[PDB]
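Letter by letter, the chains look like this.
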Amino acid sequence: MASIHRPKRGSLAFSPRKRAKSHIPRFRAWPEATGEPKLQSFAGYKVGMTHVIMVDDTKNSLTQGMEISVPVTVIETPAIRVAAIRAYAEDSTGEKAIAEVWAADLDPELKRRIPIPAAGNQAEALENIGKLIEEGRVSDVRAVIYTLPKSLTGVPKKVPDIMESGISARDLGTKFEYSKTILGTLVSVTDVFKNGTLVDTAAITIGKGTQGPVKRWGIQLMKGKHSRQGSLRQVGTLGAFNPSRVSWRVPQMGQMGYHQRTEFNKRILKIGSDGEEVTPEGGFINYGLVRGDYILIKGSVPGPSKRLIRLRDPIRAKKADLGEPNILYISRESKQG
Amino acid sequence: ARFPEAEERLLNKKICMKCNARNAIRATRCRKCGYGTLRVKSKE
Amino acid sequence: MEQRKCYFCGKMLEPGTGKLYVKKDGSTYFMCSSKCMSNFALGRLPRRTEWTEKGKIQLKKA
Amino acid sequence: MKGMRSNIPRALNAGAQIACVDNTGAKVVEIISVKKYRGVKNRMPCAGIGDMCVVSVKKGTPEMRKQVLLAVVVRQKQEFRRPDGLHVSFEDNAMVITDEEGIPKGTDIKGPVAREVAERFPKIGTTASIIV
Amino acid sequence: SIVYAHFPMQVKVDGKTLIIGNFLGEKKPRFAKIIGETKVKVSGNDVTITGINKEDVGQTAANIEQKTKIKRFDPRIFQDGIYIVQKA
Amino acid sequence: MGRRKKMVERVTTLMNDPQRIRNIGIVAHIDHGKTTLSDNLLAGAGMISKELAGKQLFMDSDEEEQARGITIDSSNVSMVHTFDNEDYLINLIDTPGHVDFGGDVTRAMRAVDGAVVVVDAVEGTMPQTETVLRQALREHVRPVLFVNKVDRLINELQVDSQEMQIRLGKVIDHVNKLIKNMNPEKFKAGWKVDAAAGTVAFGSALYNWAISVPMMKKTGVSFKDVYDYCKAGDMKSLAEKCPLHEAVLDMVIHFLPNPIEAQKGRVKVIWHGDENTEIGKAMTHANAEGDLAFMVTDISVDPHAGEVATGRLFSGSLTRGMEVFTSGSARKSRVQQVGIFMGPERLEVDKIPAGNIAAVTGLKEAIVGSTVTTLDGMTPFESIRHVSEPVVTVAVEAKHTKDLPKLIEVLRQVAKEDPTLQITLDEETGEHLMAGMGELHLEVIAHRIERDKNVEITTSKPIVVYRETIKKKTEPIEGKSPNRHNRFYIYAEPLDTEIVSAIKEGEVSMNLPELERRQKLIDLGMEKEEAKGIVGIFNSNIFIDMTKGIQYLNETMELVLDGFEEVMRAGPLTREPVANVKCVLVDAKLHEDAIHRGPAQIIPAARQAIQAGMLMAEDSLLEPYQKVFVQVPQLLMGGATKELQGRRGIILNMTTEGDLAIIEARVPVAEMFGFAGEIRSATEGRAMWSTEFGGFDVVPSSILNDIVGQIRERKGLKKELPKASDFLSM
């Protein structure tokens, strides 16, 4: 038999396609430190999409210098609290948590997530971590941070979300000093990301529940006469006669969406403080209006509205210093029109 | 032009007549396959 | 930023939205929405359609 | 080829009988294949504005008819977006006979051409009376 | 020795590598790695490679000669490159 | 008085100013912006208002030339440069720098007195370069080297000032070697060159900087400095104070010989006539005289202008209203446009005595390579003919049935490109009989097809066509009528060679005084009676009406004639065109009434008879020859010649001059295939052949049977033919 070839339906790069074990994306890698100390990640909540008219500043592009309409995602980004500093020791079996110091004073609504750590050992915990770093038991340092969604109104929840973030510094001592400076403080998104820079966005995608292989993997439907013989939206064959089993690579029904996904190289087009600049007439549908500080991300982002979106400094960015975008018009017309 | 010192390194080797591998100018046998006949690389 | 007027309802095309429709004779018409495009393609005239500015002008002519 | 500023959906697939709108003697040409287009299994060859297709002259003069020629689509009813966010659509689909290089066999083009084709092939623009 | 027909090789030393720019008209220079404490000198149209390790000197010369390989054309017409005239 | 507005004025009288006149050419290689520096000599250097000067490469009369690094054809202009406070007329007549260009190159060099050299940096004396130096040597056109854009050697390759110009010092030495080895005598006779002495310049045409020891010194920026400045990167600012044009001009005035000197030089070698008549004297020893001694170099034209046939006024004067003959006939036309190639065109005027150019118009029937002069041109330069046609073509096909439509345009159009390609384009099966007579002709168009339009077609093998003819005087054959009422006793016989040549030239015309024609014929040899009875001629065959008495005959002449014509299109032996055959109607016997005299009865009889006649008259066949001018390197002769002779090629001239053995042999096209092919081995890869229709001769009798046999089957004809009696079926 002389066969016609096709690329495989869907990607096996995301198998098993199960539901994410948490509603928060977890970062498995952190990029290289390339400058002054700072947090490598922030976290906001997706609001919705709008579009801007901007001058194409992208170097070498055909439309560079002319007016272009660019879709943007609005992400409401209230200040996060640096709740703790955690130290990690590297050994043959990998990284292990070795120490943690919690900030002396923490927000009372953190009790919705965890019983509040007391204002106990912070000075001596920090000196213990300093001794550990001096004696070489510490491989690196991360900052445990959490969001404060109570200030938002389109997100109904008041329980904070907690996550670890890397610190970008040239040396472990510099990392520890910066973490001590930022410990217990409220960091704004301008203290993590700058306008016009590329970032990576992680989020839990839109949940679709249980979906068939046609929607879930993009398999072809039965065609022509076969379309009305009783197996229309349904895979042609589960396998060969031998091997006597259904491969895991055969497209099948199952959970669709509500997965963790990372998008790369999303450009920040605006860091705003007043949500009236971006909120349309009538508000964002099912969300409301922006009230705190916000961010405009060029293009689309994984997740629906109100989903927690984690932003991190780019890990596979190609282009060098991009610049500050020239946003000439932010559309606030009614999205419900 | 053609430079003799470049020609010494580029064109002054033997070629195995079964696998085409280059061999030393003094080699009587291919190193890759051990063939006993080797021709000089055709420089014309 | 080109400022464009809807041919049917006479409303300004908001930037990044709207349509331009070209007939065989080179005639160009800006449409603010699918509603205006559909009403233009139905043969309805703006001056007879009341919710458009041309219909409003025709009515206020009296 | 040179990139266009607009995003063009490949609207016309193989078998479409398009009106030919130059003075070459071809009235209707059927798309046979699309140049520089590699497909996938079961997918018909697809062409939008700015694409060059191999066509067969179905109506027209006896010299044009049954000939395998090259044509460039200059008008398409499927809407395409300009870089600045405005969507453009024509009242009909229309093509013009050209060579491999992009030169039109005709001398005048009745009807408006798309600015995308007018820029990708500058001679189509000069041959056309108006570029929209 | 340095030999070329039409394009003058720009050969220099930038530390532990040898930069070979304009090799056959290329816009990207070739990089030849230096081995050990091997001193390479570009004395006009020739290169001298002095060292205390015969392994290192021979490998530096081999690196130069292989970086200056014309991996496409007929070697009987295209002979541009840097070739060892005396081994260690 | 806007620039050229002033020039016009000066020019109109400058005509009779040989002292300052500078009609010269430019010879070298290609891809060196040679025709572009010459664009900038005057057009570039704004010899007219800048807006109307060299803005859009218009300088050259043959506008299309544009710029490829060398002349395209032989276009013309003028530039009045100032040198040591004096406005010399440097009529730029840049000569074609190629090799294929031939019998026309001769006169395209005669248009000037010095072809000039241009060789970009380390390009050197390329094969072509030396080829044009060889051609130059013929027309006594002294050269000056102009090593263009040395930038390569400089900025790009960076060869230190001294070295840089030492490489050229040698190149100059090679140009001397050229003018030594090739023609040793030539050297001392001004042809010698040298940067030092000033007869050699250099400089980037594209950057317009340029210098030469004279220039160098005068400007104060010696070549060393210039190198430093180029290298640096300021070649444009260099150009500014070292104007590309300037240098060239400067040299044309000073170093480059002023026309006058070698005004003679060319003529003798180039002219095949009496170089001692008023005309001869003037053309040689710089003078005017010679009753309008214009030379149609290239029959040209221009929209609402005139037949601007080029011809620098090497002797005579111009005026509007001169009944000028031609080197083909005595046309005699009003010469309104006796102007001078000026600005970026040919400023039409009148008063132009000998000195500058002299492109005369008012014509429409001469030939590119004539010598139109009021004077009764006894032996003008290229006294030649043109009567010829390709006879060994092919059958252009179509590898893909989808390109046929295109192919159709491609081929039908090609006529425009080249009318020498008589594209016998059949229509049914479509075996397109694309013209040709030899392998050259074949590939000649090959590429053209797959380049000026690009098509997926191919070709077949040489169509070995010829011209049918006979060789023996026959005995009256009777050609009866279908309805066995009429009869015609016609005889046939060889057409005398003198007569043949006569009508091959064409002079013997139907539209011609009987009495007159008659004499000519008798002159040739045909007796009075026979010579007077001549009714008509087709191709190169004559029908003679040497009958007396038959009533109602000339009212039938029509029919009988046509009959003849028909046969002349299709041989009775090989069904091939007939040529050089004389047919003579002796008697006849037509029916009284007209009813029994219709074409259907007459035409057969005639055809029948004529044909049979031919058959019986030992009908053979002719074959085209093609004079192989083969410029094999002097040394090489043994092999060169051996090749030709072996291919049954009746050796002609060996042409051994300096280092050039041009062995013509009018090689029979029969075996004139793969000349270059053979050459590459015979003469170790060193020979430059070129061919030209040598003429129709007799196919070797020995091989007749074979030839015929082949032809017969190739067309698709019965092996044997209707031997006499049968075709003459009574």
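So, how was this worked out
Residues numbered from 1 in each chain as written, not as in the entry; some residues may be left out. Chains lettered and ligands numbered in written order. Part of a larger assembly, values for the part shown. Heavy atoms only, no water. UniProt positions renumbered as here; feature names shortened; annotations may be inferred. Buried < 20%, exposed > 50% of the residue type's maximum accessible area, 1.4 Å probe, protein only. Helix = DSSP H or I, 4+ residues; strand = E, 2+ residues; numbered from the N terminus. Arc of directions from axis to C-beta. Contact = heavy atoms within 4.5 Å. Pairing = 2+ DSSP bridges. Axes fitted to C-alpha atoms, helices over the stretch in contact; angles between N-to-C directions. Buried area = accessible area lost by both parts, 1.4 Å probe. Salt bridge = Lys/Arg side-chain N within 4 Å of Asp/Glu carboxyl O. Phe/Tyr/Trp six-rings, centres within 6.5 Å; stacked < 30°, edge-to-face > 60°. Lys NZ or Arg CZ within 6 Å of the ring centre and 35° of its normal. Parallel < 35°, antiparallel > 145°, perpendicular 65-115°, else oblique. Nonpolar A, V, L, I, M, F, W, Y, C, P; charged D, E, K, R; others polar. Polar contact = N/O pair within 3.5 Å; in protein donor to acceptor, adjacent residues only side chain to side chain.

Going by what the PDB entry lists, chain E is known as Large ribosomal subunit protein uL6 and is assigned to Methanosarcina acetivorans. Comment text from UniProt for chain E, heading Subunit, reads "Part of the 50S ribosomal subunit." Checking UniProt for chain E, the heading Sequence similarities contains the comment "Belongs to the universal ribosomal protein uL6 family."

Per the PDB entry, chain A goes by Large ribosomal subunit protein uL3 and derives from Methanosarcina acetivorans. Its UniProt record gives chain A the following Function comment, quoted word for word: "One of the primary rRNA binding proteins, it binds directly near the 3'-end of the 23S rRNA, where it nucleates assembly of the 50S subunit."

1. Examining helix α9 (residues 223–232) of chain F
A turn of α-helix holds 3.6 residues, and therefore any two residues three or four places apart point the same way. Residues and elements named next belong to chain F. Within α9 the residues assigned to the buried category are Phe-223, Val-226, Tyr-227 and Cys-230. Taken down its axis, α9 places every buried residue within 105° of arc, on the same side. Opposite the buried face of α9, at more than 90 degrees from it, the exposed residues are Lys-224 and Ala-232. For α9, the secondary structure elements touched by its buried residues are α5 (152–156), α6 (161–182), β6 (200–203), α8 (213–219) and α10 (235–241). Where α9 ends, the next residue or the one after it, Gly-233, has phi of about 125°, a positive value.

2. Comments concerning the sheet that holds strand β10 (residues 489–494) of chain F
Two pairing modes exist for strands in a sheet, parallel and antiparallel, and in both the strands are linked by backbone hydrogen bonds. Residue and element names in this part refer to chain F. Spatially, β9-β10-β13-β12-β11 is the arrangement adopted by the five strands of the open sheet, whose pairing is mixed. Pairing within the sheet leaves two strands with one partner each, and these edge strands are β9 (477–478) and β11 (534–538). Judged from the five bridges that link them, strand β12 (residues 541–545) and strand β13 (residues 581–585) form a sheet pairing that is parallel. Its bridge partner being in β13, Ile-542 is matched across the sheet by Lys-582. Across the sheet, helix α19 (residues 557–569) lies against β11, β12 and β13, angled at about 155° from β12, the strand it touches most.

3. Things to note about the interface of chain D and chain C
Residue-level contacts link 13 residues of chain D with 13 residues of chain C. Contact between chain D and chain C buries roughly 1,200 Å² in total, counting both sides, with carbon and sulfur atoms accounting for 57%. A per-residue breakdown of the area chain D buries against chain C is headed by D:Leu86, D:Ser89 and D:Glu91, which together make up 41% of the total. Counting across the chain D and chain C interface gives three salt bridges.

4. Comments concerning the packing of aromatic side chains
One pass over the full model with this rule turns up 14 aromatic pairs over all chains. Where F:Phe314 meets F:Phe381, the ring centres are 5.2 Å apart and the plane angle is 80°; that geometry is what we call edge-to-face. Taken as a pair, F:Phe314 in the loop between α13 (278–283) and β7 (317–318) and F:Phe381 in the loop between β8 (352–353) and α14 (404–414) lie far apart in primary sequence, 67 residues in all. Of the residues examined, F:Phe381 reaches a relative accessible area of 3% and is grouped as buried. Every member of this aromatic cluster is reached through a ring pair, and the members are C:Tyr7, C:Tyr21, C:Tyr29 and C:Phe40. Here the guanidinium or amino end of A:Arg142 rests over the ring plane of A:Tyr88, the centre of that ring lying 4.8 Å away. Lying across the ring of C:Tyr7, C:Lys54 places its NZ or CZ 4.2 Å from the centre.

5. Details of the environment of F:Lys453
For F:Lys453, the position within the fold is in the loop between α15 (439–452) and β9. Considered as a pair, F:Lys453 and F:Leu407 are 46 residues apart in the sequence and their alpha carbons are 8.7 Å apart.

6. Digging into the sheet that holds strand β1 (residues 14–16) of chain B
Residue and element names in this part refer to chain B. With respect to topology, three strands assemble into an open sheet ordered β2-β1-β3, the strand pairing being antiparallel. Looking at the sheet topology across the chains shown, the edges are occupied by β2 (22–23) and β3 (38–40). Pairing of β1 with β3 involves three bridges; the strand directions are antiparallel. Within β3, the position partnered with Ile-15 by the bridge is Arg-39.

7. Looking at the arrangement of the chains
Of all six pairs of chains in contact, the one with the most contacts involves chains C and D. The smallest C-alpha distance separating chain B from chain C is 62 Å, and no contact links them. The two units chain B and chain F never meet; even their closest C-alpha atoms stay 13 Å apart.

8. Thoughts on the side chain of C:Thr49
Assignment of secondary structure puts C:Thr49 in the loop between α1 (34–41) and α2 (53–60). Residues in contact with C:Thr49, not counting those within four places in the same chain, are C:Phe8, C:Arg44 and C:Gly55.

9. Some details on the pairing of strand β13 (residues 294–298) of chain A
Residues and elements named next belong to chain A. Counting buried positions along β13 yields four of five residues, so the element is predominantly enclosed. Pairing of strand β3 (residues 67–76) with β13 involves five bridges; the strand directions are antiparallel. Directly across from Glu-76, in β13, lies its bridge partner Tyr-294. With four bridges joining them, strand β12 (residues 260–272) and β13 adopt antiparallel strand pairing. For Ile-271, the partnering residue across the bridge sits in β13 and is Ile-295.

10. Side note on the packing of helix α2 (residues 34–44) of chain F against helix α11 (residues 244–253) of chain F
All names here are of chain F. For the pair α2 and α11, the least separation of the axes is 8 Å and the interaxial angle reads 85°. It follows from the interaxial angle that α2 and α11 lie roughly perpendicular. Packed against α2, whose contacting residues are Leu-37, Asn-40 and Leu-41, the element α11 presents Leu-244, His-245, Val-248 and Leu-249 at the interface. Broken down by class, the residue content of the contact of α2 with α11 amounts to five nonpolar, two polar and no charged.

11. Quick notes on the pairing of strand β7 (residues 162–168) of chain A
Residue and element names in this part refer to chain A. Buried residues dominate β7, accounting for seven of its seven residues. Pairing analysis gives two bridges linking strand β1 (residues 38–39) to β7, with the strands arranged antiparallel. Within β7, the residue paired with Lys-38 across the bridge is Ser-168. Here strand β6 (residues 140–146) pairs with β7 via five bridges, running antiparallel. When the bridges of β7 are listed, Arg-142 appears paired with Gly-166.

12. Some details on the interface of chain B and chain E
Interface size is often expressed as the accessible area that is lost when the parts come together. Each partner contributes residues to the interface: chain B has 13 residues there, and chain E has 12 residues. Here chain B and chain E share an interface that buries about 1,100 Å² over both sides, 62% of which is from carbon and sulfur atoms. Summed over the three residues of chain B that lose the most area to chain E, namely B:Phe3, B:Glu5 and B:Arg9, the buried surface amounts to 47% of that side. Viewed at the interface, chain E and chain B are joined by one salt bridge. B:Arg9 is paired through a salt bridge with E:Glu65; the nearest N and O atoms lie 2.8 Å apart. Remark: the boundary between chain B and chain E carries three residue pairs in polar contact. For the side of chain B that touches chain E, the class distribution of residues is five nonpolar, one polar and seven charged.

13. Brief notes about the pattern of salt bridges
Oppositely charged side chains can pair when the atoms bearing their charge come close. Enumeration over the complete set of coordinates arrives at 63 salt bridges over all chains. Among the salt bridges present, the one from F:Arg4 reaches F:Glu345, with a minimum N-O distance of 3.4 Å. Of this pair, F:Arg4 sits in helix α1 (residues 4–14) while F:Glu345 sits in the loop between β7 and β8, placing them 341 residues apart in sequence. According to the relative accessible area criterion, F:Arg4 is buried, its value standing at 8%. Overall, F:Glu345 belongs to the partly exposed group, its relative accessible area being 34%. In this structure, the salt-bridge partner of F:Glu555 is F:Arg597, at a minimum N-O distance of 2.3 Å. With a gap of 42 residues between them, F:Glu555 in the loop between β12 and α19 and F:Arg597 in the loop between β13 and α20 (599–616) connect regions that are remote in the sequence. Judged by its relative accessible area of 42%, F:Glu555 is partly exposed. Connected through salt bridges with shared partners, the residues A:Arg86, A:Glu95, A:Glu100, A:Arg142 and A:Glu164 form a single ionic network.

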